[PDB]
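Undergrad: Numbers given in the authors' numbering equal positions in the sequence shown, counted from 1, plus 6.
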Amino acid sequence: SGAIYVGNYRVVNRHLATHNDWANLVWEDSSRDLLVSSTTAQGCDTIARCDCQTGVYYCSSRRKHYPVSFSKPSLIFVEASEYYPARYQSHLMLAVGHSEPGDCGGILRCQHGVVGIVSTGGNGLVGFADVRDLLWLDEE
Ligand SMILES: C=CS(=O)(=O)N1CCC[C@H](C(N)=O)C1
Ligand SMILES: [Zn+2]
C-alpha cells in the first residue's frame, strides 16, 4: 500500500483505490495503473521533473529503501494477475529488486523528488508507474 500526497491530490495504484478515492476522483488510467483523488489537506511530497534513471524505492516487504537503476517509461507487457489481464501496461519503468502484492504504493524518488510508485515486479523485478509527465499535479 502507499500513496503520493502532492498539493490537494492523492496518487494511488488504481487497483488499490478505495470507495472514497472513486467518490472524489480527479483522473484515472487503467493502462498506467494510476488513480488520483482530491484531498482536504495539502500534502508534502514534491514531483520530480527529469529523465533520471537512478533513484531509491521503498520496499514494504523488507522495511527497506533500496537504491536502483531503472529503465525509461515504456509499454512493457504485464502478465495476467488478479487485477489486470495480460496487456501492455504503459508508462512503466523496470528495475532489479524484490516486490509482492503488498509492495505496490511504495515511492521511487530521485534527486529531484518523487518519480513514481511500485506497480510491478517478481523474480527480482519491480515495476514503477511513472508520474513525472503529469505536470498538472503541481497546480490547481
Ligand atoms: C503479475 C504482475 S505483478 O507484476 O506482480 N503485478 C501484480 C499487481 C498488478 C500489477 C500491474 N501493474 O498490473 C502487476
Ligand atoms: Zn530526477
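Backbone N, C-alpha and C fix where the C-beta goes; we use that ideal spot for every residue, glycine too.
For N19 versus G111, is the C-beta spacing smaller than 8 Å?
TA: Contact: yes.
Undergrad: Assuming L81 and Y89 form a contact by the criterion Cβ under 8 Å, report the distance between their Cβ atoms to the nearest whole angstrom.
TA: Not a contact, Cβ separation roughly 18 Å.
Undergrad: For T126, list the residues DSSP reports as bridge partners.
TA: Answer is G133, bridged to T126.
Undergrad: Under 7 Å Cβ to Cβ from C56, same chain only, skipping five residues before and after it: list those, please.
TA: Excluding positions up to five away in sequence, the list reads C116, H118 and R138.
Undergrad: Closer than 7 Å: is that where the CB of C110 sits relative to any heavy atom of ligand 1?
TA: Yes, since a heavy atom of ligand 1 falls inside the 7 Å radius drawn around the Cβ of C110.
Undergrad: The alpha helix (DSSP H) with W28 in it runs from where to where?
TA: That run of the alpha helix (DSSP H) goes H25 to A29.
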